[PDB]
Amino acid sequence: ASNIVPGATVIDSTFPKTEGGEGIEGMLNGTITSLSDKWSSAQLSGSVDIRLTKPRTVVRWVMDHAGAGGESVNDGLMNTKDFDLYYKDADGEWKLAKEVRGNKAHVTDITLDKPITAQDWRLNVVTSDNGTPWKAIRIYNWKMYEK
């Protein structure tokens, strides 16, 4: 209802185009149905550009990492560590909304410094985990909220 990511389209990414289990769309649907309701990639870093169903004024940004979906629940070794959110401004320029460094938590729930109005948003995964033996990008949901 209030998460405004679901229905978003992928407009660009820096990952080889590839069918198709646990694709990018997995983190857009806002659900944790099962192990298959995430995005996972063997490429340990990269970015995703999405276009929301409409422009939104975003105040809050939530990421459900692997631990939130029941993977490595005890230690969080599979949880995304460094990752940033960018937005495309009115002039068409990408601007940094929020940088995260050193995360280990299952869920990151971040209020933005200020409300940001944009339709196109970018997630950049810098460091995909916290030293799990089975390294991968594993993101259950990318969620954002208006006031």
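Residue indices: 1-based, along the sequence shown.
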query: Of 25-33 and 75-83, the stretch whose C-alpha atoms average the higher B-factor in the entry; finding: 25-33
query: 62-70 versus 90-98 - which carries the larger mean C-alpha B factor in the record; finding: 90-98
query: Maximum C-alpha temperature factor, selected from 14, 127, 18, 124; finding: 18
query: Of the residues 114, 51, 38, 104, the one carrying the largest Cα B-factor as recorded; finding: 114
